Amino acid sequence: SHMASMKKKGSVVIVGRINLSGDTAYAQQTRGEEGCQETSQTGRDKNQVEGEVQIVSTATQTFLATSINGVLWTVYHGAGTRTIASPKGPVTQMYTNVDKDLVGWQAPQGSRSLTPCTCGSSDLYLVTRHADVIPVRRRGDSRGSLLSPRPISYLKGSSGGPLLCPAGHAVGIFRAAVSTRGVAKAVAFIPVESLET
Ligand SMILES: COc1ccc2nc(C)c(O[C@@H]3C[C@H]4C(=O)N[C@]5(C(=O)NS(=O)(=O)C6(C)CC6)C[C@H]5/C=C\CCCCC[C@H](NC(=O)OCC5(C)CC5)C(=O)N4C3)nc2c1
Ligand SMILES: [Zn+2]
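Residues carry numbers counted from 1 along their chain as the sequence is written. These may differ from the entry numbering, and residues without coordinates are not shown. The order in which chains are written sets their letters, starting at A; the order in which ligands are written sets their numbers, starting at 1. Processing note: side-chain calculations cover all non-hydrogen atoms of the structure and skip hydrogens and water entirely. Residues with missing side-chain atoms are left out of burial classes, side-chain pairs and their counts.

Structure determination for this PDB entry was carried out by X-ray crystallography, with a resolution of 2.001 Å recorded in the header.

Looking up the protein chain in the PDB entry gives the name NS3 protease, with the organism given as Hepacivirus C. UniProt positions are given in the numbering used here, feature names are shortened, and annotations may be inferred rather than shown by experiment. One UniProt comment on the protein chain, placed under Catalytic activity (unreviewed entry), says "ATP + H2O = ADP + phosphate + H(+)".

Novice: Mind laying out the UniProt feature "binding site: Zn(2+)" (unreviewed entry) in the protein chain, listing which residues take part and the relevant values?
Specialist: According to UniProt, the positions carrying the feature "binding site: Zn(2+)" (unreviewed entry) are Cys117, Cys119, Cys165 and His169. Spatial clustering of the annotated residues is evident: they stretch over 53 residues in sequence, but the largest pairwise C-alpha distance comes to 8.7 Å. Helical segments are the DSSP runs of H or I of at least four residues, strand segments are the runs of E of at least two, and each set is numbered from the N terminus. Within the secondary structure, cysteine 165 sits in the loop between β11 (162-164) and β12 (170-179). Relative accessibility under 20% of the residue-type maximum defines a buried residue, over 50% an exposed one, and the middle range a partly exposed one, all with a 1.4 Å probe and only protein chains included. A relative accessible area of 3% places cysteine 165 in the buried class. Those residues in contact with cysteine 165 that sit more than four places away from it in its chain are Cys117, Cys119, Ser121, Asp123, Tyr125 and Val171. We call two residues in contact when some of their heavy atoms are within 4.5 Å.

Novice: How would you sum up the domain arrangement of the protein chain? Please name residues and give values.
Specialist: By a frequent convention, interface size equals the accessible area lost on bringing the separate parts together. Domain start and stop points were drawn from an automatic or database domain assignment. Split by domain assignment, the protein chain resolves into domain 1 (3-106) and domain 2 (123-194). Each of domain 1 and domain 2 was reduced to a C-alpha centroid, and the two centroids are 20 Å apart. Facing the 21 residues of domain 1 at the interface are 18 residues of domain 2. Here's the idea: put two parts together, see how much 1.4 Å probe accessible area each one loses, and the total over both is what we call buried area. Between domain 1 and domain 2 the total buried area reaches about 1500 Å² when both faces are included, carbon and sulfur atoms providing 68% of it. The three residues of domain 1 that bury the most area against domain 2 are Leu64, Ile68 and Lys100, which together make up 30% of that side's buried surface. Should a side-chain nitrogen of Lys or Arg be within 4 Å of a carboxyl oxygen of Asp or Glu, the pair is scored as a salt bridge. Linking domain 1 to domain 2 there are 0 salt bridges. Each polar contact in these results corresponds to two N or O atoms within 3.5 Å; when the atoms are within protein, one needs to be able to donate a hydrogen and the other to accept it, and residues that are neighboring in sequence are counted only if both atoms are side-chain atoms. For the interface between domain 1 and domain 2, the tally reads 5 residue pairs in polar contact. Per element, the largest residue contribution to the side of domain 1 that touches domain 2 is 6 residues, and it comes from strand β4 (residues 62-68). Here the nonpolar group is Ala, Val, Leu, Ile, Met, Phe, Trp, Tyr, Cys and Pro; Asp, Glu, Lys and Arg are the charged ones; every other residue, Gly included, is treated as polar. Looking at the side of domain 1 that touches domain 2 residue by residue, the class counts come to 15 nonpolar, 4 polar and 2 charged.

Novice: Describe the coordination of the zinc ion (ligand 2), listing the residues and the values that go with them.
Specialist: Only nitrogen, oxygen and sulfur atoms count as donors, using a 2.8 Å cut-off from the metal that widens to 3.2 Å for Na, K and Ca. Water is left out, so coordination shells may look unfilled. The coordination sphere of the zinc ion (ligand 2) contains the protein donors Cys117 (SG), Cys119 (SG), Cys165 (SG) and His169 (ND1), at a distance range of 2.2 to 2.3 Å. Site shape is set this way: if four donors have all angles between 85 and 135 degrees, tetrahedral; if opposite donors are over 155 degrees apart and all others between 65 and 115, square planar for four donors and octahedral for six; otherwise irregular. Classification of the site at the zinc ion (ligand 2) as tetrahedral follows from its 4 donor atoms and the range of 89 to 134 degrees in their angles at the metal. Counting along the primary sequence, the residues that act as donors to the zinc ion (ligand 2) give the motif C-x1-C-x45-C-x3-H. Taken together, the residues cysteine 119 in the loop between β7 (102-106) and β8 (123-127) and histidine 169 in the loop between β11 and β12 connect sequence positions 50 residues apart. Given a relative accessible area of 22%, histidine 169 falls into the partly exposed group.

Now the structure itself:
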């Protein structure tokens, strides 16, 4: 039967984290490929969640998610409308705004949120899925220029990750990147002013 064969789309799965609790940033994997695919279909994730920045994956893409104001935020172009796997089953999004490329689930038990920056700083720091901390000069409300342009491959898969001020508050989450001949020159981010329900 056609309708009996209609499958359901998988959940987003936390597969790691970017640890920013010490003086080095470093990436941690908490789930391998097979475990990720299984957890995506069931939506049941019993792993203990920690930290502010999570590495997340669907069946087909991997990116980042950042907890701010008690909500785990990420980009719509990565997560779509998908639920997220949790200890008590799949969890539906708290917030969905395709016009901001922004979605949110209630933050996991055991996670912590970053503080929204109120500094009005223009010296920003983008955290990548590889735990690189990339200086960025803020341009206006939602853009920034890389101080040292790198290859665009260095940024791929880091959408949903945080841009932080010098003191470590959250200024926004990484949304898109602008390149010129394959070198990343600037980024766009969702201002933290929007990461609140
Ligand atoms: C379908 O429903 C929606 C709704 C709203 C929405 N809004 C977007 C802005 C958007 O854009 C697409 C995804 C995005 C990223 O790639 N985002 C990351 C990233 O890494 N994603 S990812 O790898 O994690 C992934 C795909 C999740 C798994 C962070 C960059 C890093 C490298 C970019 C690679 C080349 C791409 C250059 C491109 N540039 C740009 O569009 O600039 C525009 C501007 C600012 C005006 C000039 C770009 O950034 N994107 C393409 N799709 C949508 C889709
Ligand atoms: Zn600040």
